[PDB]
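Enquirer: So that you have it, the file is coords.pdb, and it contains PDB, C-alpha atoms:
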ATOM      1  CA  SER A   1     149.552 105.919  93.160  1.00  0.00           C
ATOM      2  CA  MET A   2     150.976 102.414  92.381  1.00  0.00           C
ATOM      3  CA  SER A   3     152.947 101.107  95.425  1.00  0.00           C
ATOM      4  CA  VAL A   4     152.460 104.582  97.147  1.00  0.00           C
ATOM      5  CA  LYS A   5     149.869 104.693  99.885  1.00  0.00           C
ATOM      6  CA  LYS A   6     148.845 106.975 102.746  1.00  0.00           C
ATOM      7  CA  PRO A   7     148.891 105.264 106.166  1.00  0.00           C
ATOM      8  CA  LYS A   8     145.939 102.757 106.635  1.00  0.00           C
ATOM      9  CA  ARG A   9     143.034 104.392 108.667  1.00  0.00           C
ATOM     10  CA  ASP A  10     141.356 101.657 110.784  1.00  0.00           C
ATOM     11  CA  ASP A  11     137.851 101.102 109.276  1.00  0.00           C
ATOM     12  CA  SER A  12     137.156  97.769 111.117  1.00  0.00           C
ATOM     13  CA  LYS A  13     134.631  99.402 113.515  1.00  0.00           C
ATOM     14  CA  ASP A  14     132.827 101.576 110.922  1.00  0.00           C
ATOM     15  CA  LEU A  15     129.922  99.073 110.445  1.00  0.00           C
ATOM     16  CA  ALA A  16     129.198  98.891 114.136  1.00  0.00           C
ATOM     17  CA  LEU A  17     129.538 102.580 114.644  1.00  0.00           C
ATOM     18  CA  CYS A  18     127.175 103.503 111.639  1.00  0.00           C
ATOM     19  CA  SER A  19     124.670 100.983 113.224  1.00  0.00           C
ATOM     20  CA  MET A  20     124.874 102.889 116.499  1.00  0.00           C
ATOM     21  CA  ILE A  21     124.310 106.231 114.881  1.00  0.00           C
ATOM     22  CA  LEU A  22     121.330 104.824 112.944  1.00  0.00           C
ATOM     23  CA  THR A  23     119.859 103.406 116.224  1.00  0.00           C
ATOM     24  CA  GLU A  24     120.102 106.879 117.772  1.00  0.00           C
ATOM     25  CA  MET A  25     118.374 108.428 114.694  1.00  0.00           C
ATOM     26  CA  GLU A  26     115.622 105.683 114.858  1.00  0.00           C
ATOM     27  CA  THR A  27     114.860 106.441 118.512  1.00  0.00           C
ATOM     28  CA  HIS A  28     114.774 110.257 118.250  1.00  0.00           C
ATOM     29  CA  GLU A  29     111.304 111.617 118.937  1.00  0.00           C
ATOM     30  CA  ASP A  30     111.287 113.540 115.587  1.00  0.00           C
ATOM     31  CA  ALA A  31     112.173 110.435 113.537  1.00  0.00           C
ATOM     32  CA  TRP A  32     108.480 109.547 112.743  1.00  0.00           C
ATOM     33  CA  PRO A  33     108.417 111.082 109.212  1.00  0.00           C
ATOM     34  CA  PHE A  34     111.496 109.035 108.240  1.00  0.00           C
ATOM     35  CA  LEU A  35     111.006 105.542 109.802  1.00  0.00           C
ATOM     36  CA  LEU A  36     109.294 103.936 106.805  1.00  0.00           C
ATOM     37  CA  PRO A  37     109.206 104.546 103.081  1.00  0.00           C
ATOM     38  CA  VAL A  38     106.712 107.231 101.921  1.00  0.00           C
ATOM     39  CA  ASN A  39     103.607 105.408 100.516  1.00  0.00           C
ATOM     40  CA  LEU A  40     103.793 106.199  96.791  1.00  0.00           C
ATOM     41  CA  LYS A  41     100.189 105.068  96.208  1.00  0.00           C
ATOM     42  CA  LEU A  42      98.833 107.423  98.863  1.00  0.00           C
ATOM     43  CA  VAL A  43     100.949 110.576  98.531  1.00  0.00           C
ATOM     44  CA  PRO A  44     100.197 112.473  95.365  1.00  0.00           C
ATOM     45  CA  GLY A  45     103.233 113.876  93.620  1.00  0.00           C
ATOM     46  CA  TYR A  46     105.920 111.906  95.571  1.00  0.00           C
ATOM     47  CA  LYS A  47     106.699 109.291  92.982  1.00  0.00           C
ATOM     48  CA  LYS A  48     107.225 111.777  90.130  1.00  0.00           C
ATOM     49  CA  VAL A  49     109.070 114.437  92.076  1.00  0.00           C
ATOM     50  CA  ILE A  50     111.413 112.432  94.389  1.00  0.00           C
ATOM     51  CA  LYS A  51     113.621 110.499  92.090  1.00  0.00           C
ATOM     52  CA  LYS A  52     115.404 108.499  94.817  1.00  0.00           C
ATOM     53  CA  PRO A  53     113.166 107.852  97.894  1.00  0.00           C
ATOM     54  CA  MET A  54     115.093 106.897 101.093  1.00  0.00           C
ATOM     55  CA  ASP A  55     114.091 106.220 104.695  1.00  0.00           C
ATOM     56  CA  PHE A  56     115.627 104.804 107.923  1.00  0.00           C
ATOM     57  CA  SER A  57     114.217 101.302 107.495  1.00  0.00           C
ATOM     58  CA  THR A  58     115.708 101.036 103.974  1.00  0.00           C
ATOM     59  CA  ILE A  59     119.081 102.273 105.297  1.00  0.00           C
ATOM     60  CA  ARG A  60     118.871  99.695 108.099  1.00  0.00           C
ATOM     61  CA  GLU A  61     118.211  96.865 105.633  1.00  0.00           C
ATOM     62  CA  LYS A  62     121.058  98.040 103.318  1.00  0.00           C
ATOM     63  CA  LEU A  63     123.466  98.322 106.288  1.00  0.00           C
ATOM     64  CA  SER A  64     122.559  94.860 107.663  1.00  0.00           C
ATOM     65  CA  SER A  65     123.034  93.149 104.269  1.00  0.00           C
ATOM     66  CA  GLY A  66     126.425  94.626 103.216  1.00  0.00           C
ATOM     67  CA  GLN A  67     125.131  97.031 100.648  1.00  0.00           C
ATOM     68  CA  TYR A  68     127.238  99.999 101.906  1.00  0.00           C
ATOM     69  CA  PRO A  69     130.800  99.717 100.558  1.00  0.00           C
ATOM     70  CA  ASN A  70     132.146 102.339 102.928  1.00  0.00           C
ATOM     71  CA  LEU A  71     131.041 104.863 105.630  1.00  0.00           C
ATOM     72  CA  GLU A  72     130.622 107.686 103.003  1.00  0.00           C
ATOM     73  CA  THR A  73     127.974 105.814 101.010  1.00  0.00           C
ATOM     74  CA  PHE A  74     126.106 105.397 104.327  1.00  0.00           C
ATOM     75  CA  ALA A  75     126.222 109.182 105.039  1.00  0.00           C
ATOM     76  CA  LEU A  76     125.032 109.915 101.448  1.00  0.00           C
ATOM     77  CA  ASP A  77     121.794 107.880 102.042  1.00  0.00           C
ATOM     78  CA  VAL A  78     121.160 109.487 105.466  1.00  0.00           C
ATOM     79  CA  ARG A  79     121.562 112.978 103.826  1.00  0.00           C
ATOM     80  CA  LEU A  80     119.300 111.896 100.950  1.00  0.00           C
ATOM     81  CA  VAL A  81     116.508 111.329 103.471  1.00  0.00           C
ATOM     82  CA  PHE A  82     116.805 115.000 104.577  1.00  0.00           C
ATOM     83  CA  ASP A  83     117.266 116.401 101.111  1.00  0.00           C
ATOM     84  CA  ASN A  84     114.110 114.637  99.984  1.00  0.00           C
ATOM     85  CA  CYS A  85     112.270 115.984 102.987  1.00  0.00           C
ATOM     86  CA  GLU A  86     113.335 119.587 102.147  1.00  0.00           C
ATOM     87  CA  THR A  87     112.322 119.060  98.503  1.00  0.00           C
ATOM     88  CA  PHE A  88     108.738 118.084  99.371  1.00  0.00           C
ATOM     89  CA  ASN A  89     107.887 119.831 102.665  1.00  0.00           C
ATOM     90  CA  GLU A  90     107.670 123.506 103.567  1.00  0.00           C
ATOM     91  CA  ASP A  91     110.220 124.640 106.253  1.00  0.00           C
ATOM     92  CA  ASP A  92     107.269 125.921 108.371  1.00  0.00           C
ATOM     93  CA  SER A  93     105.594 122.489 108.819  1.00  0.00           C
ATOM     94  CA  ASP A  94     105.957 119.787 111.430  1.00  0.00           C
ATOM     95  CA  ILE A  95     107.710 117.458 108.934  1.00  0.00           C
ATOM     96  CA  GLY A  96     109.883 120.307 107.483  1.00  0.00           C
ATOM     97  CA  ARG A  97     111.112 121.203 111.042  1.00  0.00           C
ATOM     98  CA  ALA A  98     111.587 117.477 111.875  1.00  0.00           C
ATOM     99  CA  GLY A  99     113.940 117.143 108.892  1.00  0.00           C
ATOM    100  CA  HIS A 100     116.050 120.100 109.872  1.00  0.00           C
ATOM    101  CA  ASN A 101     116.280 118.883 113.466  1.00  0.00           C
ATOM    102  CA  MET A 102     117.299 115.326 112.414  1.00  0.00           C
ATOM    103  CA  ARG A 103     119.887 116.552 109.931  1.00  0.00           C
ATOM    104  CA  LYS A 104     121.557 118.609 112.720  1.00  0.00           C
ATOM    105  CA  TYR A 105     121.418 115.671 115.117  1.00  0.00           C
ATOM    106  CA  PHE A 106     123.014 113.397 112.475  1.00  0.00           C
ATOM    107  CA  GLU A 107     125.807 115.791 111.416  1.00  0.00           C
ATOM    108  CA  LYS A 108     126.971 116.223 115.041  1.00  0.00           C
ATOM    109  CA  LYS A 109     127.077 112.515 115.712  1.00  0.00           C
ATOM    110  CA  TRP A 110     128.892 112.026 112.406  1.00  0.00           C
ATOM    111  CA  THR A 111     131.621 114.640 113.220  1.00  0.00           C
ATOM    112  CA  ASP A 112     132.028 113.410 116.812  1.00  0.00           C
ATOM    113  CA  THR A 113     132.299 109.742 115.850  1.00  0.00           C
ATOM    114  CA  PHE A 114     134.540 110.021 112.752  1.00  0.00           C
ATOM    115  CA  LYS A 115     136.225 113.550 112.429  1.00  0.00           C
TER     116      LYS A 115
END
How does this structure look as structure tokens?

Expert:
Amino acid sequence: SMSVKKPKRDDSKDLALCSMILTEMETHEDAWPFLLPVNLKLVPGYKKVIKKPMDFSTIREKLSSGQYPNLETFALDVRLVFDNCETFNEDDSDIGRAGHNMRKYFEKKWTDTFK
């Protein structure tokens, strides 16, 4: 509350460390469904169904231009990519399995870097 604060956690490296995680997600062999925005002209149903499209290149641009206020808003966009994927793709598909794999990969790096 006013003039009463928990000890200051050092967040000075968070930007660099989120960048590193994102590089590791970008270079994963199962990243291909997520590297670029889904083409809303060429994929019937995507525009109407997926209210907030997100992809790795959009996260990279946001990160590089100071549009994440803190490390949690970064994680929310990464998770959005996988939530969207699960919304639109059957589990038993190459893309469906890719999303599950990448979400696991992300959540481990997140825990090991920050928790």

Enquirer: To verify the selection step, state as a list in words which residues the PyMOL selection byres ((chain A and resi 3-19) around 8) yields on this input.

Expert: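 Selected by the PyMOL selection byres ((chain A and resi 3-19) around 8) here: residues 1, 2, 20, 21, 22, 23, 60, 63, 71, 74 and 113 of chain A.
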
Enquirer: Suppose we keep C-alpha atoms; can you now write the selection as a tab-separated table (two decimals), keeping the file's coordinate frame?

Expert:
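Ended up saving to out.tsv:
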chain	number	residue	atom	x	y	z
A	1	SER	CA	149.55	105.92	93.16
A	2	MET	CA	150.98	102.41	92.38
A	20	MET	CA	124.87	102.89	116.50
A	21	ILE	CA	124.31	106.23	114.88
A	22	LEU	CA	121.33	104.82	112.94
A	23	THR	CA	119.86	103.41	116.22
A	60	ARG	CA	118.87	99.70	108.10
A	63	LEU	CA	123.47	98.32	106.29
A	71	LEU	CA	131.04	104.86	105.63
A	74	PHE	CA	126.11	105.40	104.33
A	113	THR	CA	132.30	109.74	115.85

Enquirer: Calculated over all atoms listed in the file, which of the candidates A:82, A:27, A:107, A:65 has the smallest distance to residue 95 of chain A?

Expert: A:82

Enquirer: Written as a PyMOL selection string, which residues does the PyMOL selection byres ((chain A and resi 36-52) around 12) give for the file shown?

Expert: chain A and resi 26+31-35+53-61+76-77+79-89

Enquirer: Kindly give the distance, in Å, that separates atom CA of residue 70 of chain A and atom CA of residue 97 of chain A, rounded to a single decimal.

Expert: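 Here the two named atoms are 29.4 Å from each other.
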
Enquirer: Nearest to residue 110 of chain A: which of A:69, A:62, A:29, A:78 is it, counting only C-alpha atoms?

Expert: A:78

Enquirer: Determine, counting all atoms listed in the file, which protein, DNA and RNA residues have an atom within 12 Å of an atom of residue 108 of chain A; residues of the same chain fewer than 6 positions away are not included. Present the result as a PyMOL selection string.

Expert: chain A and resi 21+24-25+101-102+114-115

Enquirer: Work out how far atom CA of residue 66 of chain A is from atom CA of residue 30 of chain A, in Å to one decimal.

Expert: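 Value for the atom CA of residue 30 of chain A-atom CA of residue 66 of chain A distance: 27.2 Å.
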
Enquirer: To one decimal in Å, tell me the separation between atom CA of residue 90 of chain A and atom CA of residue 104 of chain A.

Expert: 17.3 Å

Enquirer: Can you take segment 51-64 of chain A from the block and write N, CA, C and O atoms as a PDB file, in the first residue's frame?

Expert:
ATOM      1  N   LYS A  51     -10.390 -14.062 -32.417  1.00  0.00           N
ATOM      2  CA  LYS A  51     -10.659 -12.658 -32.239  1.00  0.00           C
ATOM      3  C   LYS A  51      -9.340 -11.857 -32.077  1.00  0.00           C
ATOM      4  O   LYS A  51      -9.293 -10.667 -32.433  1.00  0.00           O
ATOM      5  N   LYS A  52      -8.283 -12.510 -31.552  1.00  0.00           N
ATOM      6  CA  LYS A  52      -7.018 -11.855 -31.396  1.00  0.00           C
ATOM      7  C   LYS A  52      -5.863 -12.705 -31.956  1.00  0.00           C
ATOM      8  O   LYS A  52      -5.238 -13.490 -31.184  1.00  0.00           O
ATOM      9  N   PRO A  53      -5.630 -12.631 -33.262  1.00  0.00           N
ATOM     10  CA  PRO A  53      -4.531 -13.399 -33.912  1.00  0.00           C
ATOM     11  C   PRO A  53      -3.194 -13.008 -33.281  1.00  0.00           C
ATOM     12  O   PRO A  53      -2.996 -11.822 -32.878  1.00  0.00           O
ATOM     13  N   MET A  54      -2.270 -13.978 -33.167  1.00  0.00           N
ATOM     14  CA  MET A  54      -0.911 -13.661 -32.617  1.00  0.00           C
ATOM     15  C   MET A  54       0.061 -14.657 -33.205  1.00  0.00           C
ATOM     16  O   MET A  54      -0.351 -15.823 -33.504  1.00  0.00           O
ATOM     17  N   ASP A  55       1.305 -14.249 -33.451  1.00  0.00           N
ATOM     18  CA  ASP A  55       2.312 -15.113 -34.013  1.00  0.00           C
ATOM     19  C   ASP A  55       3.681 -14.638 -33.512  1.00  0.00           C
ATOM     20  O   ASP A  55       3.793 -13.524 -33.012  1.00  0.00           O
ATOM     21  N   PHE A  56       4.733 -15.446 -33.771  1.00  0.00           N
ATOM     22  CA  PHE A  56       6.078 -15.106 -33.241  1.00  0.00           C
ATOM     23  C   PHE A  56       6.645 -13.841 -33.814  1.00  0.00           C
ATOM     24  O   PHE A  56       7.285 -13.083 -33.059  1.00  0.00           O
ATOM     25  N   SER A  57       6.432 -13.579 -35.116  1.00  0.00           N
ATOM     26  CA  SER A  57       6.952 -12.347 -35.701  1.00  0.00           C
ATOM     27  C   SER A  57       6.340 -11.044 -35.157  1.00  0.00           C
ATOM     28  O   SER A  57       7.091 -10.054 -34.952  1.00  0.00           O
ATOM     29  N   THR A  58       5.061 -11.086 -34.780  1.00  0.00           N
ATOM     30  CA  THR A  58       4.323 -10.020 -34.163  1.00  0.00           C
ATOM     31  C   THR A  58       4.817  -9.830 -32.732  1.00  0.00           C
ATOM     32  O   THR A  58       5.126  -8.661 -32.299  1.00  0.00           O
ATOM     33  N   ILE A  59       5.062 -10.926 -32.034  1.00  0.00           N
ATOM     34  CA  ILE A  59       5.651 -10.817 -30.662  1.00  0.00           C
ATOM     35  C   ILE A  59       7.031 -10.191 -30.757  1.00  0.00           C
ATOM     36  O   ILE A  59       7.405  -9.326 -29.902  1.00  0.00           O
ATOM     37  N   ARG A  60       7.827 -10.640 -31.735  1.00  0.00           N
ATOM     38  CA  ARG A  60       9.187 -10.089 -31.891  1.00  0.00           C
ATOM     39  C   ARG A  60       9.157  -8.590 -32.155  1.00  0.00           C
ATOM     40  O   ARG A  60       9.925  -7.794 -31.486  1.00  0.00           O
ATOM     41  N   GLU A  61       8.283  -8.139 -33.042  1.00  0.00           N
ATOM     42  CA  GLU A  61       8.150  -6.701 -33.294  1.00  0.00           C
ATOM     43  C   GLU A  61       7.684  -5.886 -32.044  1.00  0.00           C
ATOM     44  O   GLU A  61       8.184  -4.776 -31.744  1.00  0.00           O
ATOM     45  N   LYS A  62       6.712  -6.422 -31.316  1.00  0.00           N
ATOM     46  CA  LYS A  62       6.223  -5.810 -30.078  1.00  0.00           C
ATOM     47  C   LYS A  62       7.392  -5.720 -29.037  1.00  0.00           C
ATOM     48  O   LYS A  62       7.557  -4.658 -28.335  1.00  0.00           O
ATOM     49  N   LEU A  63       8.135  -6.792 -28.886  1.00  0.00           N
ATOM     50  CA  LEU A  63       9.202  -6.865 -27.906  1.00  0.00           C
ATOM     51  C   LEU A  63      10.293  -5.799 -28.233  1.00  0.00           C
ATOM     52  O   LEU A  63      10.698  -5.032 -27.388  1.00  0.00           O
ATOM     53  N   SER A  64      10.711  -5.804 -29.488  1.00  0.00           N
ATOM     54  CA  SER A  64      11.736  -4.886 -29.994  1.00  0.00           C
ATOM     55  C   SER A  64      11.348  -3.413 -29.949  1.00  0.00           C
ATOM     56  O   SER A  64      12.253  -2.502 -30.133  1.00  0.00           O
TER      57      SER A  64
END
